[PDB]
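Q: Pasting final_7.txt below, which is compact mmCIF, C-alpha atoms.
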```txt
# COMPACT_ATOMS: atom_id res chain seq x y z
CA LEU A 1 16.92 -1.30 -7.18
CA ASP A 2 16.21 2.21 -8.47
CA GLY A 3 17.36 4.11 -5.41
CA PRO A 4 15.56 6.16 -2.76
CA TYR A 5 12.82 8.32 -4.22
CA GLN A 6 11.57 11.20 -2.11
CA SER A 7 7.86 11.30 -1.27
CA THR A 8 5.83 12.63 -4.19
CA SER A 9 2.50 12.48 -6.02
CA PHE A 10 2.63 10.84 -9.45
CA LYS A 11 1.01 8.29 -11.74
CA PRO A 12 3.33 5.26 -11.63
CA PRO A 13 4.05 3.59 -14.97
CA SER A 14 2.48 0.17 -15.34
CA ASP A 15 4.49 -3.00 -14.64
CA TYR A 16 6.71 -1.31 -12.04
CA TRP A 17 6.52 -2.21 -8.36
CA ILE A 18 6.58 0.77 -6.01
CA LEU A 19 8.37 -0.44 -2.87
CA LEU A 20 7.50 1.87 0.01
CA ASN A 21 10.10 2.27 2.78
CA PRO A 22 8.26 3.92 5.69
CA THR A 23 9.73 4.48 9.14
CA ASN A 24 6.82 5.69 11.27
CA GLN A 25 3.15 4.77 11.54
CA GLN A 26 1.39 6.72 8.83
CA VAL A 27 -0.88 6.92 5.87
CA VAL A 28 1.85 5.81 3.47
CA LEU A 29 -0.04 5.75 0.16
CA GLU A 30 -3.22 7.14 -1.36
CA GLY A 31 -4.10 5.93 -4.84
CA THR A 32 -7.12 6.60 -7.03
CA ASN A 33 -8.27 7.38 -10.54
CA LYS A 34 -11.29 9.27 -9.11
CA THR A 35 -13.69 6.88 -10.89
CA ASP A 36 -13.85 3.31 -9.55
CA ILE A 37 -10.83 2.65 -7.29
CA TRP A 38 -9.60 4.24 -4.07
CA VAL A 39 -6.77 2.49 -2.21
CA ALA A 40 -4.94 3.60 0.93
CA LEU A 41 -2.23 1.85 2.96
CA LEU A 42 -2.14 2.77 6.65
CA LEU A 43 0.95 1.79 8.63
CA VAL A 44 0.17 0.64 12.18
CA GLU A 45 3.06 0.30 14.63
CA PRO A 46 3.55 -2.85 16.73
CA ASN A 47 1.58 -3.45 19.93
CA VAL A 48 -1.49 -1.30 19.31
CA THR A 49 -4.65 -2.00 21.29
CA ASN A 50 -7.92 -1.83 19.38
CA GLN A 51 -8.69 1.81 18.96
CA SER A 52 -10.11 4.30 16.44
CA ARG A 53 -7.39 6.50 14.92
CA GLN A 54 -7.94 9.54 12.70
CA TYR A 55 -6.60 9.54 9.14
CA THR A 56 -6.81 11.95 6.20
CA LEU A 57 -7.70 10.05 3.00
CA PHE A 58 -8.16 11.96 -0.27
CA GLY A 59 -8.92 15.16 1.62
CA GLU A 60 -11.48 13.46 3.89
CA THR A 61 -11.17 13.07 7.66
CA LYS A 62 -11.89 9.44 8.58
CA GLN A 63 -11.98 7.49 11.83
CA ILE A 64 -10.58 3.95 11.37
CA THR A 65 -10.46 1.30 14.11
CA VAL A 66 -6.97 -0.22 14.13
CA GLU A 67 -5.44 -3.03 16.18
CA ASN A 68 -2.03 -4.72 16.17
CA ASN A 69 -1.48 -7.38 18.84
CA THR A 70 1.90 -8.39 17.35
CA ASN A 71 5.49 -7.18 17.51
CA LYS A 72 5.38 -6.72 13.72
CA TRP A 73 4.04 -3.83 11.67
CA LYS A 74 0.67 -4.05 9.92
CA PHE A 75 -0.27 -2.25 6.70
CA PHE A 76 -4.04 -1.70 6.59
CA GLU A 77 -5.30 -1.79 2.99
CA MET A 78 -8.36 0.49 2.96
CA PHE A 79 -10.44 0.25 -0.20
CA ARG A 80 -13.55 1.68 -1.81
CA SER A 81 -14.89 1.49 -5.37
CA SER A 82 -17.08 4.62 -5.21
CA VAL A 83 -16.25 8.08 -3.84
CA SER A 84 -19.58 8.14 -1.97
CA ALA A 85 -18.77 4.98 0.02
CA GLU A 86 -16.82 4.51 3.24
CA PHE A 87 -13.45 2.80 3.20
CA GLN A 88 -13.30 -0.91 4.04
CA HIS A 89 -10.39 -2.82 5.58
CA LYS A 90 -9.84 -5.11 2.61
CA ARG A 91 -6.45 -6.72 3.27
CA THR A 92 -3.56 -6.56 5.73
CA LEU A 93 0.22 -6.89 5.44
CA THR A 94 1.79 -7.99 8.74
CA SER A 95 5.49 -7.23 8.41
CA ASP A 96 8.79 -7.12 10.26
CA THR A 97 10.44 -5.60 7.18
CA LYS A 98 8.18 -2.51 7.16
CA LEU A 99 8.10 -2.53 3.37
CA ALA A 100 4.95 -2.45 1.25
CA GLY A 101 4.23 -2.69 -2.45
CA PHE A 102 2.09 -1.01 -5.10
CA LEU A 103 1.88 -2.17 -8.72
CA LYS A 104 -0.32 -1.23 -11.68
CA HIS A 105 -0.65 -4.24 -13.99
CA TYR A 106 -3.18 -5.49 -16.55
CA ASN A 107 -6.30 -3.54 -15.54
CA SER A 108 -5.68 -4.22 -11.83
CA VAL A 109 -3.84 -2.65 -8.89
CA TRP A 110 -1.60 -5.13 -7.05
CA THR A 111 -0.53 -4.97 -3.39
CA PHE A 112 0.99 -7.40 -0.88
CA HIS A 113 -0.83 -9.10 1.99
CA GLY A 114 -0.20 -11.96 4.40
CA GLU A 115 2.60 -12.12 6.95
CA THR A 116 6.33 -11.97 6.32
CA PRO A 117 8.29 -13.87 5.28
CA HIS A 118 5.32 -15.46 3.47
CA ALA A 119 3.62 -12.31 2.17
CA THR A 120 2.00 -12.66 -1.25
CA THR A 121 0.44 -10.44 -3.90
CA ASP A 122 -3.24 -9.80 -4.60
CA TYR A 123 -5.10 -7.36 -6.83
CA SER A 124 -8.17 -5.17 -7.26
CA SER A 125 -9.77 -4.58 -10.65
CA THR A 126 -10.33 -1.18 -12.25
CA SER A 127 -11.80 -0.02 -15.55
CA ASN A 128 -9.29 2.86 -15.91
CA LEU A 129 -5.91 1.66 -14.63
CA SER A 130 -3.80 4.21 -16.52
CA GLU A 131 -5.33 7.12 -14.56
CA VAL A 132 -4.70 5.77 -11.04
CA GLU A 133 -2.50 8.36 -9.30
CA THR A 134 -0.57 7.70 -6.08
CA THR A 135 0.48 10.07 -3.31
CA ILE A 136 3.44 8.27 -1.75
CA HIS A 137 3.95 9.86 1.67
CA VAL A 138 7.29 8.13 2.33
CA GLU A 139 10.57 7.21 0.69
CA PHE A 140 10.19 4.51 -1.94
CA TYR A 141 11.98 2.49 -4.61
CA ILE A 142 10.88 1.30 -8.05
CA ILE A 143 11.33 -2.30 -9.22
CA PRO A 144 10.08 -3.61 -12.60
CA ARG A 145 7.66 -6.51 -12.73
CA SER A 146 10.29 -8.27 -14.86
CA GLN A 147 12.11 -8.57 -11.51
CA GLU A 148 9.06 -9.15 -9.31
CA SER A 149 10.86 -12.04 -7.60
CA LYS A 150 13.33 -9.50 -6.23
CA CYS A 151 10.50 -7.33 -4.91
CA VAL A 152 8.90 -10.38 -3.22
CA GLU A 153 12.31 -10.96 -1.61
CA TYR A 154 12.54 -7.43 -0.24
CA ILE A 155 8.91 -7.46 0.95
CA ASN A 156 9.47 -10.59 3.05
CA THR A 157 13.10 -10.28 4.21
CA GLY A 158 14.08 -6.64 3.63
CA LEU A 159 16.47 -4.75 1.39
```
Can you give me the file's structure in the form of structure tokens?
A:
Amino acid sequence: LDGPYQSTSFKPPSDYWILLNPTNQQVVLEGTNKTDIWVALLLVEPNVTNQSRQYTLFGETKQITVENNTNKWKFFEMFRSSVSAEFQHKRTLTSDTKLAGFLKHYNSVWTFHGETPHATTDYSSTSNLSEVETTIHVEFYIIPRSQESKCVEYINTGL
């Protein structure tokens, strides 16, 4: 919808879907309010044998075991609620579209999980939504939640 945005660090306005358009395996998003929510989406290329890859998350060097036995791409949703904790593999988006989503809405942070073309949304709660800031490493678009059905379309079948 709103055309290609270059990679940047910003606090997205609420009720707007950020639609990430990555090309290469990567840490594609880091989002936190530095209080009770840390979210990171790691893009894993197709046909990846179980192995521990090194990622930089919020200035910290982390080893994360990744695996992708499919021809599709997988977005690893790493999550922690306290800065002192280690990241957990909370959800996964298995995709042939290579698009992912990020939305701030009603005290929660919404992402997509499942497998295309049947990927669905889920959320994580936070006590300070307004202060969650995202470092989008890749090109992205912005779609309002008043057109969320369009963003579901793109997530599952592409732009």
Q: Using only C-alpha atoms, can you tell me which of A:150, A:145, A:74, A:105 comes closest to residue 22 (chain A)?
A: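 For residue 22 (chain A), the nearest of the given residues is A:74.
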Q: Given the choices A:79, A:102, A:10, A:38, which gets closest to residue 133 (chain A) if the distance is worked out from all atoms listed in the file?
A: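 Smallest distance to residue 133 (chain A) is found for A:10.
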Q: Would you kindly identify which residues have an atom no farther than 9 Å from (-8.2, -6.9, -16.9), using all atoms listed in the file and the file's own coordinates, and write them out as a PyMOL selection string?
A: chain A and resi 105-108+125-127
Q: Within 10 Å of region 61-66 of chain A, counting all atoms listed in the file, which residues show up once you throw out same-chain ones fewer than 6 positions away? Write them as an MDAnalysis selection string, please.
A: chainID A and resid 42:44 48:55 74 76 78 86:89
Q: How many Å lie between CA of residue 56 (chain A) and CA of residue 93 (chain A), rounded to one decimal?
A: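 Going from CA of residue 56 (chain A) over to CA of residue 93 (chain A), I get 20.1 Å.
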Q: Determine the nearest neighbour of residue 39 (chain A) from the options A:16, A:58, A:5, A:141, counting all atoms listed in the file.
A: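 Closest to residue 39 (chain A), using all atoms listed in the file: A:58.
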Q: Using all atoms listed in the file, can you tell me which of A:146, A:73, A:82, A:21 comes closest to residue 46 (chain A)?
A: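 Looking at the shortest contact to residue 46 (chain A), the residue is A:73.
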Q: In Å to one decimal, how far is CA of residue 70 (chain A) from CA of residue 123 (chain A)?
A: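 Interatomic distance, CA of residue 123 (chain A) to CA of residue 70 (chain A): 25.2 Å.
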Q: Hey, can you pull every residue with an atom no more than 8 Å from (-3.8, -8.6, 8.7), using all atoms listed in the file, and send it as a PyMOL selection string?
A: chain A and resi 74-76+91-94+113-115
Q: For each of A:17, A:57, A:34, A:101, take the minimum atom-to-atom distance to residue 83 (chain A), counting all atoms listed in the file, then give the residue where this is smallest.
A: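 Counting all atoms listed in the file, the residue closest to residue 83 (chain A) is A:34.
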Q: Find, counting only C-alpha atoms, the residue in A:139, A:148, A:67, A:45 that gets nearest to residue 103 (chain A).
A: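 Comparing A:139, A:148, A:67, A:45 against residue 103 (chain A), the winner is A:148.
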Q: Which centre and which edge lengths, in Å to one decimal, describe the axis-aligned box that holds all listed atoms of region 91-97 of chain A after 6 Å is added on each side, as JSON?
A:
```
{"center_x": 2.0, "center_y": -6.8, "center_z": 6.8, "size_x": 28.9, "size_y": 14.4, "size_z": 19.0}
```
Q: To one decimal place, how far is CA of residue 140 (chain A) from CA of residue 109 (chain A) in Å?
A: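 Distance reported for this atom pair: 17.2 Å.
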